[PDB]
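We place every Cβ from the backbone using ideal geometry, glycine too, and count neighbours over all the protein chains shown. Numbers and lists here come from the model and the stated rules, or from a named source; none is laboratory data.
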Amino acid sequence: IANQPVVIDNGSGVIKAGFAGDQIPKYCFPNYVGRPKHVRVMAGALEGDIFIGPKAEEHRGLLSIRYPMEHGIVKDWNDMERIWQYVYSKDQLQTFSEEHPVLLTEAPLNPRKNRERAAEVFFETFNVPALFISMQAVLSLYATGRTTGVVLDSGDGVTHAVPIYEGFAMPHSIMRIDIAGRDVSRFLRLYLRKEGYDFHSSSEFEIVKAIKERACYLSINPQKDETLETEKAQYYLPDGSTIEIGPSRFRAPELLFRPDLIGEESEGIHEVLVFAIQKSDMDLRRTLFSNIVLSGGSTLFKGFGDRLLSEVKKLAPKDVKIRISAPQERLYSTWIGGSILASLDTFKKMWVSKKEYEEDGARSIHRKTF
Amino acid sequence: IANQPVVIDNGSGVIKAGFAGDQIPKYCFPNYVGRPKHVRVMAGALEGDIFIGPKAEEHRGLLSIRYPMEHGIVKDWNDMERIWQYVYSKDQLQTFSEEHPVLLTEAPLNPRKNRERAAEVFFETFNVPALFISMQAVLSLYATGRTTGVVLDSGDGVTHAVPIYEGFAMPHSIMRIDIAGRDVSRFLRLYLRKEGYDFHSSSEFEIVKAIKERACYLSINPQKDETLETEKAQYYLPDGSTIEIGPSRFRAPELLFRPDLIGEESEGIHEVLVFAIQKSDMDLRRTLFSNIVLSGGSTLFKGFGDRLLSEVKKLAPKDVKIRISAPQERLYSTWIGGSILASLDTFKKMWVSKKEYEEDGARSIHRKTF
Amino acid sequence: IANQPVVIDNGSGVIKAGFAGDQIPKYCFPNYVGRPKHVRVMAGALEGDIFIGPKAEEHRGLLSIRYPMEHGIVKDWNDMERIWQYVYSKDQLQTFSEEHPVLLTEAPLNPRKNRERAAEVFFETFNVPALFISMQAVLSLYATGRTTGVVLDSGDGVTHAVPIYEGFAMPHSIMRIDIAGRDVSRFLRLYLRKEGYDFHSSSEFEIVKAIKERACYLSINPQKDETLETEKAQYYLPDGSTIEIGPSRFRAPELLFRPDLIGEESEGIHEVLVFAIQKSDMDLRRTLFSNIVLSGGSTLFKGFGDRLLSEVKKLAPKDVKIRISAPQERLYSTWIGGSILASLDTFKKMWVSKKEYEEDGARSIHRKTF
Amino acid sequence: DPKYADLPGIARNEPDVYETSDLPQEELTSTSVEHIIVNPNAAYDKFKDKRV
Ligand SMILES: Nc1ncnc2c1ncn2[C@@H]1O[C@H](COP(=O)(O)OP(=O)(O)O)[C@@H](O)[C@H]1O
Ligand SMILES: Nc1ncnc2c1ncn2[C@@H]1O[C@H](COP(=O)(O)OP(=O)(O)O)[C@@H](O)[C@H]1O
Ligand SMILES: Nc1ncnc2c1ncn2[C@@H]1O[C@H](COP(=O)(O)OP(=O)(O)O)[C@@H](O)[C@H]1O
């Protein structure tokens, strides 16, 4: 029989999860595995050593870090297995998968074996009765309380723009390129060795990401802020050293506009979005220029939206309105939209029974996902 | 079955011993090995010449001394065996080899062949059921109760700093310089010749060591105190004499920070410390700037820790609360922590399966050497 | 001038130099610093207090050794001044710092600050008519006469592999490990005390270098040779003593393939190079399987080639023919390629007026090197 | 201090602690465009019977 819904999110960078009727997911933590990095010798401390969570969020140069879900694509299935099992903790779930409805978040344009394999997990290892995974775009629209809109994200290493009209769209008109913040930190690391800054460990890179998320802004003027002379302001270390920065703090996030510099023939969110709009109706595009949605936590910056609108207005059509500013929390909004969807009443249509799923396979999965 | 083991704390020169779960090492004395420097004919003496124990102090000016445990490494195997046999005396032990297990100390970074030959001795000549030997830093951990931190211990001729967090090793991070008080007494002897003296005899040198461990301290300031002139306090002479000292008494342990005085491309205690700090995560360093306690009587000096703190301030980065940690147990602390250890589940997971051990050869635990 | 510009094999471990058209780097010497270890008092001794030449590496026990280069990058610029004065010695040139253009070498992925610092010295101390510095990889293919290929250098500063398609470099595909044979020597010293060998001096270090280049070799089988029952051959020490060898003679160079054993996170030179191949086109790699170039002094080992071949065999793709070159001069060839470059009239962009440097600085050279 | 009396090695005056002197966003108010508010409950009430 029906039970209490569990609102979980496939967090590319940081996984998010909670239950129905809540307002904030109480379980938000990174997407890696922390296993023994050093020589564990004398007994008397916390052992098992494959520690993920507050210990990993606390002890850094002690456990090797391994991310299995890169570009929203899980490669180390076993890692997500025990990652999910960590989600089943007394710290985290305290319940059983086989007794409550669980909502998760689908990632656009991925293979079938992924979700099929996951379905096999939660229907064989776990035996979840009610399970569904879907797009956060409509959820974001519920957060706006609107129906039409073009949802753009910035995950861990994922970006995609979706034109939407009341939950009716063209699948051919959607655009997607897996790229975000993690690679930005990678390019930051490039700048580091470009000016000789030795940063290559796992946790070391995590620290670099913290620096990236903190000591970086978005300079709207490209050449005007690149051709000049910097000051190379310094920022502390957890250890305590305050090291210089320079133009790099805005050069690395502005790289999204030029994948050619990273050796990539991409198009950039601006062109990505524009082309997505180009793949649509004619007069309806204006309505959609008004209704546009932003998402993804990598979007977090200063001089961000103004730079975006600057690009947009450089390639704008005949003066059409644009409306996407800073809501409460874009990431949370997706989870909150999951809570919204969990609050549905005719929600029974979001799944098939386990027994029938056993009699279904990939068939019902793709015949009912779309 | 009931066989209380014996905690035997070896060392550079000194050896300590007492059964498991005790509180004070029942018998303690150094590596002094003596035999009559003269010729006796008339009856009344003793015969055998291997007269080591309280008789040595009772008969200092009669025998020749030696210390075959060079830098904690045995040379005169036969003599060490005799030493251990002296330990096996009734009033010294009253127990047999097979009757009880034994715990022992491992000075790291030494040839394991020493341990090989010794293991063969205690498990073939003597037939102890099990004998475990281990890192002296672990002993300090049990004494402190803490599991995180670095420990630099110093006997009479060896100093080693062990940085280990939560009882979990970082072998590369460990550092050492093997030189201590022995040469400081020799340095004192050099100063004596500068003062016009010579105490070339073995027992004479022992008296000199008594002066060393008796008439010394550490001046916090090197030159600020070196440019002045003391009153040259006098030391009582077991000769019923008393002779001046000079500022040398504290100037002599400056060698601990200056190998220049001995003329060797070495570094320094604080330098070893700093390098071990460099050899770790940028995180734990600050945290481990509180969990360090040093052992051995080589630390018993007036102005020891204070001058060391001055060195810390000169070398450590800014704003880290670090004063100095030292108990009055630093000598015995090793044996004490070893007793703490041995009074537990040691034999439950770590010991020598004597029979099977030699059946598999000495290389078996020499593979389990860590 | 109508004569030979200064060709300098700016060597990591051993720096060499000569001129254009010539095929002999007339002067070769390591990157050390020779000052004294003692103070002459006797009137009529040898003086200078700064020594290079054979006299420097003669009285090692009398001359303080200080290697000034770090990861292929010196930081003791004063020593470089003195080094270049020795380069300008009567034994070498008897020339001026204006008579010929200067060609030096480098490694990529370095701070531009080095190039800055360099040219600052080269023009504040010298009045060089033309200065240029680049990658020896170009010069390497010049020595091979090829156009494309991947070259991995093994110097004592940095070991780095560069993929090359007719000079059209792929900065997003070059790999660079900062390991050296110096660390292997240090690692050998670890084996020394493991085997009980008391060595810590700077003078001993060069003896270990002789051991490295002579007593060490490469064992092709990775773990099959790890279990070989050693015989511990004995090397007769040059002073007159003799010391055993053990399996360490091939164990230590394997750290270059298993850097994690020392704690350095990397993937082994072989895999790193394969990753560089992976950072490229698809069928152009097929050419690179035939295009395999060796470089660096830290490649001269008995067993080196074939073992590395087996490494490649494990890293081999699906049934693709692979050709591997092995030049004789894995170092000197670069100097000769530089002599070829200096023998070019098309050196137009490379020759830079000093006045131009006054006008702009190293940035002007960065435009040329980028 | 029972054991301490037996210890010939005792000297006071320095503690056993290492502690010296002690000395203890535009993605929210972007004036560029407009955004939405959270309003969970009333949004569900807004979308009350808007099912299939
Ligand atoms: N201050 C910040 N600046 C930029 N990005 C941030 C900041 N804080 C967090 N993030 C981003 O959060 C993202 C994590 O992916 P996210 O957008 O959360 O997708 P998901 O919810 O699927 O994990 C990372 O890409 C990272 O850039
Ligand atoms: N009162 C003292 N003053 C100075 N040094 C001392 C004193 N007592 C002992 N020592 C030195 O400290 C060392 C104790 O450290 P420990 O490791 O127990 O020594 P050992 O290695 O000889 O057992 C002794 O070897 C001795 O050289
Ligand atoms: N015969 C040899 N066998 C092994 N290694 C060698 C030999 N000769 C030189 N080397 C290595 O070469 C390194 C010196 O760096 P090198 O290759 O000379 O770079 P560069 O020429 O740029 O200075 C040292 O690490 C040394 O071990």
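Inspect all residues belonging to the stretch A:19-29 and state whether any of them is more than 16 Å from ligand 3 (Cβ to nearest atom), in a strand (DSSP E or B) and surrounded by fewer than 14 Cβ atoms within 10 Å (Cβ to Cβ).
Pass one, the stretch A:19-29, residues more than 16 Å from ligand 3 (Cβ to nearest atom): A:19-29.
Keeping just the survivors that are in a strand (DSSP E or B) gives A:19, A:27-29.
Going one step further and asking which of them are surrounded by fewer than 14 Cβ atoms within 10 Å (Cβ to Cβ), we end up with none.
So far as the stretch A:19-29 goes, no, none of its residues is more than 16 Å from ligand 3 (Cβ to nearest atom), in a strand (DSSP E or B) and surrounded by fewer than 14 Cβ atoms within 10 Å (Cβ to Cβ).
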Inset, instruction - Give just the number: which of (1) farther than 25 Å from residue B:58 by Cβ; (2) part of a helix (DSSP H, G or I) does residue B:209 not satisfy? - result: (1)
Inset, instruction - Output the residue which, of all residues in the stretch A:273-283 that are assigned to a helix (DSSP H, G or I) and among the hydrophobic types (A, V, I, L, M, F, W, C), is surrounded by the most Cβ atoms within 10 Å (Cβ to Cβ). - result: A:273
Inset, instruction - Kindly provide the set of residues from the stretch A:28-51 that are touching a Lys or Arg at 6+ places or on another chain (Cβ under 8 Å) and of a type in the set (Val, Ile, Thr), ordered by number. - result: A:33, A:50
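Scan the stretch B:231-262 for residues that are assigned to a helix (DSSP H, G or I) and either acidic (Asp, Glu) or exposed (fewer than 13 other Cβ atoms within 10 Å of the Cβ) (or both) and report the count.
Residues of the stretch B:231-262 that are assigned to a helix (DSSP H, G or I), as a first pass: B:248-256.
In the following step, the residues that additionally are either acidic (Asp, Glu) or exposed (fewer than 13 other Cβ atoms within 10 Å of the Cβ) (or both) were identified as B:254.
The total comes to 1.
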Legend entry - Search result, residues across the stretch B:118-137 that are within 25 Å of residue C:193 (Cα to Cα) and either of a type in the set (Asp, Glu) or assigned to a loop (DSSP other than H, G, I, E, B) (or both): B:120
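Any idea how many residues of the stretch B:134-161 are more than 13 Å from ligand 2 (Cβ to nearest atom), away from chain A (no Cβ under 11 Å) and more than 14 Å from the chain's Cα centre (by Cα)? Even if it seems obvious, please write down each step before you answer.
First, pick out the residues of the stretch B:134-161 that are more than 13 Å from ligand 2 (Cβ to nearest atom): B:134, B:138, B:141-142, B:144-150, B:161.
Subset that is away from chain A (no Cβ under 11 Å): B:144, B:149-150, B:161.
With the extra rule that they be more than 14 Å from the chain's Cα centre (by Cα), the set shrinks to B:144, B:149-150.
The qualifying residues number 3.
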Legend entry - Complete set of residues in the stretch B:284-297 that are more than 7 Å from every other protein chain (Cβ to nearest Cβ) and among the polar types (S, T, N, Q): B:287, B:291, B:295
Inset, instruction - Please state which of the following conditions residue B:273 fails to meet, knowing it meets all the rest: (1) within 24 Å of residue D:15 (Cβ to Cβ); (2) more than 14 Å from every other protein chain (Cβ to nearest Cβ). - result: (2)
Legend entry - Verdict on residue A:173 being more than 16 Å from ligand 1 (Cβ to nearest atom) and outside the structural domain of residue A:255 (by CATH): yes
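Would you mind finding the one in C:344, C:308 that is in contact with a helix residue (DSSP H, G or I) (Cβ under 8 Å, 6 or more places away or on another chain) and of a type in the set (A, V, I, L, M)?
Numbers: C:344 fails: in contact with a helix residue (DSSP H, G or I) (Cβ under 8 Å, 6 or more places away or on another chain).
Testing whether each residue is in contact with a helix residue (DSSP H, G or I) (Cβ under 8 Å, 6 or more places away or on another chain) and of a type in the set (A, V, I, L, M) leaves just C:308.
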Inset, instruction - Could you list, in sequence order, all residues of the stretch B:195-207 that are more than 17 Å from residue B:14 (Cβ to Cβ) and in contact with a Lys or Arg (Cβ under 7 Å, 6 or more places away or on another chain)? - result: B:199, B:203
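Under the condition of being of a type in the set (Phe, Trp, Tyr) and either part of a strand (DSSP E or B) or out of contact with any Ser or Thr (no Cβ under 9 Å at 6 or more places or on another chain) (or both), which residue from the stretch A:85-114 is surrounded by the fewest Cβ atoms within 10 Å (Cβ to Cβ)? Steps first, answer last, please.
Initial filter on the stretch A:85-114 (of a type in the set (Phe, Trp, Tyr)): A:86, A:88, A:96.
Remaining after also requiring either part of a strand (DSSP E or B) or out of contact with any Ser or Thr (no Cβ under 9 Å at 6 or more places or on another chain) (or both): A:86, A:96.
Values: A:86: 20, A:96: 12.
Checking each candidate, the answer is A:96.
Does residue A:250 meet the test of being touching a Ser or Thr at 6+ places or on another chain (Cβ under 7 Å) and more than 16 Å from ligand 3 (Cβ to nearest atom)? I'd like the intermediate steps shown before the answer.
Working: touching a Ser or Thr at 6+ places or on another chain (Cβ under 7 Å): yes; more than 16 Å from ligand 3 (Cβ to nearest atom): yes.
So residue A:250 passes the test.
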Legend entry - Complete set of residues in the stretch B:328-345 that are within 11 Å of another protein chain (Cβ to nearest Cβ), out of contact with any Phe, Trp or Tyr (no Cβ under 6 Å at 6 or more places or on another chain) and either among the polar types (S, T, N, Q) or buried (at least 19 other Cβ atoms within 10 Å of the Cβ) (or both): B:328, B:329, B:330, B:331, B:332, B:333, B:336
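Rundown of residues vs (1) buried (at least 20 other Cβ atoms within 10 Å of the Cβ); (2) within 16 Å of ligand 3 (Cβ to nearest atom); (3) not in a helix (DSSP H, G or I), yes/no style:
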| residue | (1), (2), (3) |
| --- | --- |
| B:116 | no, no, no |
| B:139 | yes, no, no |
| B:142 | yes, no, no |
| B:152 | yes, no, yes |
| B:162 | yes, no, yes |
| B:184 | yes, no, no |
Inset, instruction - Hey, could you check the stretch A:283-306 for residues that are among the aliphatic types (A, V, I, L, M) and closer than 26 Å to residue D:25 by Cα and say which is nearest to ligand 3 (Cβ to nearest atom)? - result: A:300
Inset, instruction - State whether the residues of the stretch D:31-44 include one that is away from chain A (no Cβ under 14 Å), surrounded by 12 or more Cβ atoms within 10 Å (Cβ to Cβ) and aromatic (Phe, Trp, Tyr). - result: no
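With respect to residue C:286, is the statement that it is surrounded by fewer than 17 Cβ atoms within 10 Å (Cβ to Cβ) and not in a loop (DSSP other than H, G, I, E, B) true?
On the way: surrounded by fewer than 17 Cβ atoms within 10 Å (Cβ to Cβ): yes; not in a loop (DSSP other than H, G, I, E, B): yes.
Yes: the conditions hold for residue C:286.
Taking the criterion of being surrounded by 15 or more Cβ atoms within 10 Å (Cβ to Cβ) and either more than 16 Å from ligand 1 (Cβ to nearest atom) or over 25 Å from residue A:146 (Cβ atoms) (or both), would at least one residue in the stretch A:292-300 satisfy it? Show your work before the answer.
First pass over the stretch A:292-300, keeping only residues surrounded by 15 or more Cβ atoms within 10 Å (Cβ to Cβ): A:292-300.
From the residues that got through so far, the ones that are either more than 16 Å from ligand 1 (Cβ to nearest atom) or over 25 Å from residue A:146 (Cβ atoms) (or both) too are A:292.
Yes: the stretch A:292-300 contains one or more residues that are surrounded by 15 or more Cβ atoms within 10 Å (Cβ to Cβ) and either more than 16 Å from ligand 1 (Cβ to nearest atom) or over 25 Å from residue A:146 (Cβ atoms) (or both).
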Legend entry - Residue under evaluation residue C:1, criteria (1) surrounded by 13 or more Cβ atoms within 10 Å (Cβ to Cβ); (2) of a type outside the set (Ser, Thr, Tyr); (3) within 21 Å of residue C:93 (Cβ to Cβ), criterion not met: (1)
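Hey, among the residues in the stretch B:295-320 that are of a type in the set (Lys, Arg) and in a loop (DSSP other than H, G, I, E, B), which one's farthest from residue B:258 (Cα to Cα)?
Taking the stretch B:295-320 and keeping what is of a type in the set (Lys, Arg), we get B:302, B:307, B:313-314, B:318.
Now drop any that are not in a loop (DSSP other than H, G, I, E, B), which leaves B:302, B:318.
Numbers: B:302: 19, B:318: 25 Å.
Ranking the candidates gives B:318 first.
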Inset, instruction - Report yes if some residue within the stretch D:11-22 is more than 7 Å from chain A (Cβ to nearest Cβ), surrounded by 10 or more Cβ atoms within 10 Å (Cβ to Cβ), hydrophobic (A, V, I, L, M, F, W, C) and over 29 Å from the mean Cα position of the chain (by Cα); otherwise report no. - result: yes
Inset, instruction - Output the residues belonging to the stretch C:59-97 that are more than 23 Å from the chain's Cα centre (by Cα) and over 27 Å from residue C:4 (Cα atoms). - result: C:59, C:61, C:62, C:63
Inset, instruction - Tell me, please, whether a residue that is more than 14 Å from chain C (Cβ to nearest Cβ) and over 21 Å from residue B:296 (Cβ atoms) can be found in the stretch B:104-115. - result: no
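Filter the stretch A:314-327 down to the residues that are of a type outside the set (A, V, I, L, M) and more than 11 Å from chain D (Cβ to nearest Cβ), then identify the one that is nearest to ligand 3 (Cβ to nearest atom).
Looking only at the stretch A:314-327, we keep the residues that are of a type outside the set (A, V, I, L, M), and these are A:314, A:317-319, A:321, A:323, A:325, A:327.
Those left that are additionally more than 11 Å from chain D (Cβ to nearest Cβ): A:314, A:317-319.
On the way: A:314: 49, A:317: 59, A:318: 63, A:319: 62 Å.
Out of the qualifying residues, it is A:314.
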Legend entry - Of the criteria (1) closer than 20 Å to residue C:271 by Cα; (2) assigned to a helix (DSSP H, G or I); (3) of a type outside the set (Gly, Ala, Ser), which one residue C:176 fails: (2)
Legend entry - Test for residue B:300: is it more than 14 Å from chain A (Cβ to nearest Cβ) and not polar (S, T, N, Q): yes
Legend entry - Conditions (1) away from ligand 2 (no atom under 16 Å from the Cβ); (2) closer than 30 Å to residue A:236 by Cα: number failed by residue B:293: (1)
